[PDB]
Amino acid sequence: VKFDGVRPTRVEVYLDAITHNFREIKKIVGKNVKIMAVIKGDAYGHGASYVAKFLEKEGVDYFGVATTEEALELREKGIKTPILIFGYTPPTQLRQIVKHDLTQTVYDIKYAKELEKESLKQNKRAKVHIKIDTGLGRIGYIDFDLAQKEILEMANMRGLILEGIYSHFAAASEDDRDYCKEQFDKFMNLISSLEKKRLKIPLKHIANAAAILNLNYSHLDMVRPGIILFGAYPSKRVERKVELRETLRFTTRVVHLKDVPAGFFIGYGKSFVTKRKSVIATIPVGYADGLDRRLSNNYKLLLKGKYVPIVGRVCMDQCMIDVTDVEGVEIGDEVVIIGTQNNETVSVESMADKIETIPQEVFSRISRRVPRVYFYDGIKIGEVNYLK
């Protein structure tokens, strides 16, 4: 329909497409290789609640998130699946991760002790994964000699469970195979040293989407697909042997149509002027919704399967488009910003290229003001308006 209870400007999340892309990852990896769905940044702007709910039905082995509150949000909504927090959970918030049984990242002994203390205080055991810095220079142990010592102590701390150990590739998306091979070996060399001290950590993992496609050796015990679950690739230097489906459609509606003559100025600073008789539509989406202002006078959106350019500057809440070439335009016609419309697509990757970034940042730009509508087998099954 033209309009409904939900805001005109919206994100349509296709849950059956996410579960499909998830099933594509299982084909690439072995039958005994576990999958951790990275759904950080609110499932890359898709809404963690619903995405986690539907991946839990699909039988996912783990979830990956960036923060404590991301991990807790999932538990608040009845997610039973194990969850791993990549980031630092401050000492002041340690009670919560122990209470709701959340896996925590650890790469120093003082922090492990503080966690153990809270684990013993609640008479539960805090699952932990050890992060190793094999080249990325971000987080994890860099002194491998120190790492062995502290990791071996943690193995003897009864308040903890030393379930996992992991690292992260620095240039897998850039396809520096020599560095990926180099990072992998360092990682395995630390594990060999630990296994020689009678310590078998059940979950060794290192591969993100880039290495999952290319580096069959990096699979290990568990694999960490993120953006790839949402119908996009991390870069152009990947094999793309999987068949991805479109998971998100960022859409809005025609809210106003005017006929104007030539020499008619549009937008702030009179940055655009018509060179002909034109039909201008206004659409209630702007930069506060996640439509980058740099697309002012250099992007085309989809309307009835035709490309329509943004004319004038992108405002905070709205922008104008030239619809002169499109016949039969009406109030409440759908306008697609990201995604497919009638044998035509303005993909998330195309948008990322135009503003010199990657699909992950584009998805994360879609703001709180944009409600998420959810679909499964073609039918709408729920919605979230964050303004509520």
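Just count from 1 along the sequence shown to find any residue number.
- Comparing 287 to 295 with 97 to 105, the higher mean C-alpha B-factor in the PDB entry belongs to 97 to 105.
- According to the PDB record, 123 to 131 carries the higher mean C-alpha B-factor of the two stretches 250 to 258 and 123 to 131.
- Residue set 318, 274, 156, 271: peak C-alpha B-factor at 156 (per PDB entry).
- Going by the entry's values, 160 shows the largest Cα B-factor out of 311, 72, 160, 281.
- When the CA B factors of the chain's modelled residues are split into thirds, the value for residue 187 lands in the highest one.
- The entry lists a Cα temperature factor for residue 331 that places it in the middle third of the chain's modelled residues.
- Sort the chain's modelled residues by C-alpha temperature factor and residue 380 lands in the highest third, per the entry.
- The PDB entry assigns residue 265 a C-alpha temperature factor belonging to the lowest third of its chain's modelled residues.
- Among all modelled residues in this chain, the alpha-carbon of residue 32 has a temperature factor (C-alpha) in the highest third.
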